[PDB]
Amino acid sequence: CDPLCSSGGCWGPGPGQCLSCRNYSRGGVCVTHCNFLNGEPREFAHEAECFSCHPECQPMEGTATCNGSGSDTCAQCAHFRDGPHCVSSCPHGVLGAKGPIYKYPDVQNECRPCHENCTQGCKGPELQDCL
Amino acid sequence: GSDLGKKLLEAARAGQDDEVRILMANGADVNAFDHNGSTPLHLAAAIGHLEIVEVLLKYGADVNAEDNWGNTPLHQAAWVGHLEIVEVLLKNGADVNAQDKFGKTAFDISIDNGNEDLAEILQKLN
């Protein structure tokens, strides 16, 4: 039995063949620990199971990269942030409750609203910033 | 394919054509959806990347997927006037008469927006 199995034993030699794990598991395979502070993908744990952080979370050094699976649970967005969600890009006319939403990224990479009259995109919040 | 699907959503969102191709060849879930129900095809249709739309449909994207509001990618492409994308979605089985939460079709949207080129394509293609 692999050292990572719990006292219950195993059905095979490797870490993927334990009846239960000593602590963490990733995809049913017993591991020493999740990728909390190092490694790819960065991970969080839920009930001793390792799950991946969202790919838009910035990998953190020395501290956790996320506490959940969503792009709204990152310690820091790798690229831009739209409300609570880390995204690769700000909305480019993606439909919402009232039609296409267009946003521009500010100095801090935070997606901010385009003027309501910017039927296409914008580079700022003013009507003269359309396109 | 789920971790890859999350990456696929962001590559389609940013119009990263080469990235979408690598992700699809690696088995990414083509029908993944984000915090708004937008699938990669909805995100590709919004920015106007016709090659991403064609790659997603080649890898089996659902042409009639709905976001959190009942919008299909045909509704998305029509709202932003992406004619070429509208023509490709229709050729790949998009329901031309699919209605949004206000009972409106891609044709109703094109008339509401003054897009006569779009309205004419919808009339001629169906």
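Described in the following lines is the structure provided in the data block. (Residues numbered from 1 in each chain as written, not as in the entry; some residues may be left out. Chains lettered and ligands numbered in written order. Heavy atoms only, no water.)

### A word on the interface of chain A and chain B
- In this assembly, 18 residues from chain A lie in contact with 19 residues from chain B.
- Here chain A and chain B share an interface that buries about 1600 Å² over both sides, 61% of which is from carbon and sulfur atoms.
- If you sort the residues of chain A by the area they bury against chain B, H92(A), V94(A) and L95(A) come out on top, with a joint share of 33%.
- Inspection of the region where chain A meets chain B yields six residue pairs in polar contact.
- Contributions of two or more residues to the side of chain A that touches chain B are made by β6 (85-87), β7 (92-96) and β8 (99-105) of chain A.
- Taken together, the residues that form the side of chain A that touches chain B break down as seven nonpolar, ten polar and one charged. (Contact = heavy atoms within 4.5 Å. Buried area = accessible area lost by both parts, 1.4 Å probe. Polar contact = N/O pair within 3.5 Å; in protein donor to acceptor, adjacent residues only side chain to side chain. Helix = DSSP H or I, 4+ residues; strand = E, 2+ residues; numbered from the N terminus. Nonpolar A, V, L, I, M, F, W, Y, C, P; charged D, E, K, R; others polar.)

### Remarks on the packing of aromatic side chains
Residue and element names in this part refer to chain A.
- This structure, assessed with the given rule, holds two aromatic pairs over all chains.
- Geometrically, the ring pair formed by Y24 and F36 is edge-to-face, given 5.3 Å between the ring centres and 70° between the ring planes. In this pair, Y24 sits in the segment before β1 (25-26) while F36 sits in the loop between β2 (29-30) and β3 (43-46), placing the two residues twelve residues apart along the sequence.
- On the basis of relative accessible area, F36 is assigned to the partly exposed category, the value being 25%. (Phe/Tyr/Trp six-rings, centres within 6.5 Å; stacked < 30°, edge-to-face > 60°. Buried < 20%, exposed > 50% of the residue type's maximum accessible area, 1.4 Å probe, protein only.)

### Describing the packing of helix α2 (residues 17-25) of chain B against helix α4 (residues 50-58) of chain B
Residues and elements named next belong to chain B.
- At a minimum axis distance of 9 Å, the contact between α2 and α4 shows a crossing angle of 10°. Judged by the angle between their axes, α2 and α4 are roughly parallel. Of the residues in α4, those in contact with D17, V20, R21 and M24 of α2 are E51, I52, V55 and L56.
- By residue class, the composition of the contact of α2 with α4 is five nonpolar, no polar and three charged. (Axes fitted to C-alpha atoms, helices over the stretch in contact; angles between N-to-C directions. Parallel < 35°, antiparallel > 145°, perpendicular 65-115°, else oblique.)

### Re the sheet that holds β7(A)
Residues and elements named next belong to chain A.
- Reading across the sheet, the three strands line up as β7-β8-β9 and stay open at both edges, with antiparallel pairing between neighbours. In this open sheet, the two strands that pair with only one neighbour each are β7 and β9 (111-113). Put simply, the sheet's adjacent strands are angled 50° from each other on average, direction ignored.
- Bridging between β8 and β9 involves three bridges; their strand directions are antiparallel. Looking across to β9, one finds that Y104 is bridged to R112. (Pairing = 2+ DSSP bridges.)

### Here we look at the side chain of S110(B)
All names here are of chain B.
- By the element assignment, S110 lies in helix α7 (residues 106-112).
- Its relative accessible area of 0% is what places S110 among the buried residues.
- Among all residues touching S110, those that are not within four sequence positions of it are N115, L118, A119 and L122.

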